[PDB]
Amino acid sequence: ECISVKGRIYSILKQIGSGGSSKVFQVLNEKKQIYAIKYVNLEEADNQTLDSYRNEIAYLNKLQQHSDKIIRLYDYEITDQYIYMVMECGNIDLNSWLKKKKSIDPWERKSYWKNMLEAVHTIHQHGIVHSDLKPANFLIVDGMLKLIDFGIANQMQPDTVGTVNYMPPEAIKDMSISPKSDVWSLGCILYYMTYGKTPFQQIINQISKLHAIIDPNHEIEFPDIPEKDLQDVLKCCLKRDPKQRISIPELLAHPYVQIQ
């Protein structure tokens, strides 16, 4: 199996992921260099689905000028039937990597944290609130974390369901949402990265897992730990009132990010 894209040919190693009309492949260029290739079959997709993807490509194209914690987009080809995006290939996504791990280097957790803050900070500066952040949105490449999805396009699942653990409260209470909402979801990823579980992984019953998230008089537990700065970061990310929740520019000024 192969794929030509704006001139070049690529051997399809394997298929990383699926979703709707999309597929992601690990591939090699003619020079045994490795890459990822996203394929969208446009054959039918409502002009909402269509415009979703055009918006992703544009932002991905603009944003990578501003931060190397966004995935690279090396080249692309668009027509009425298909899309091909040639991107830098990750070693793996945070979600899969997390679930294999338990030995979680604290120096590495800290560094992945700044990684995610820079990425999300970058999209916030160009007016995007992802508002569905989760570990599967981050790729480990070069011992670094890089954001992939921007929340605009249909995200994908791995290939051999997804969660609600990372939902911000004001997301729920909104069905009768700011940059603050990504702060929540980043908190859940850090919480998970420190305590080895997300806040409400507890409640396995979804229709009420949601309750806990919405509920003020329901306390998330914060076991004391050596890094109490890290404890404090989780404490200010996971505040249910977005107005009282810490901002990204504040997070980048917090001792946990800035000392040692």
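Residues carry their position along the shown sequence, with the first being 1. Here, rigid core means the biggest group of C-alpha atoms that superpose within 1.5 Å across both forms.
- Superposing on the core and measuring CA offsets in 7 other deposited structures of this protein, the stretch of 228-236 and 208-216 with the greater mean deviation is 208-216.
- Structural divergence in 7 other deposited structures of this protein between 26-34 and 189-197: following superposition by the core, 26-34 has C-alpha atoms lying farther from the shown form.
- Figure legend: residue 158 is marked as unmodelled in at least a third of the other comparable entries of the protein.
- Compared with other deposited structures of the same protein, residue 111 does not meet the criterion of being unmodelled in at least one third, since all of those that resolve residues on both sides include it.
- Going from residue 79 to residue 80, the model skips none of the deposited residues; the chain is continuous there.
- A chain break between residue 160 and residue 161 is present, corresponding to 4 to 9 residues of the deposited sequence without coordinates.
- Higher mean CA temperature factor, per the PDB entry, when comparing 120-128 with 150-158: 150-158.
- Taking only CA atoms, the mean B-factor in the PDB entry is higher for 209-217 than for the other of 31-39 and 209-217.
- Of the candidates 103, 185, 137, 115, the deposited coordinates give 103 the top C-alpha B factor.
- Of the candidates 72, 110, 173, 180, it is 173 whose Cα B-factor is highest according to the PDB record.
- Residue 18: CA B factor lies in the highest third for its chain, per the PDB record.
- Among all modelled residues in its chain, residue 234 ranks in the lowest third by Cα B-factor.
- Per the PDB record, residue ranking by Cα B-factor puts residue 85 in the lowest third of the chain.
- Among all modelled residues in its chain, residue 94 ranks in the lowest third by Cα B-factor.
- Per the deposited record, the Cα B-factor of residue 222 falls in the highest third when ranked against the other modelled residues of its chain.
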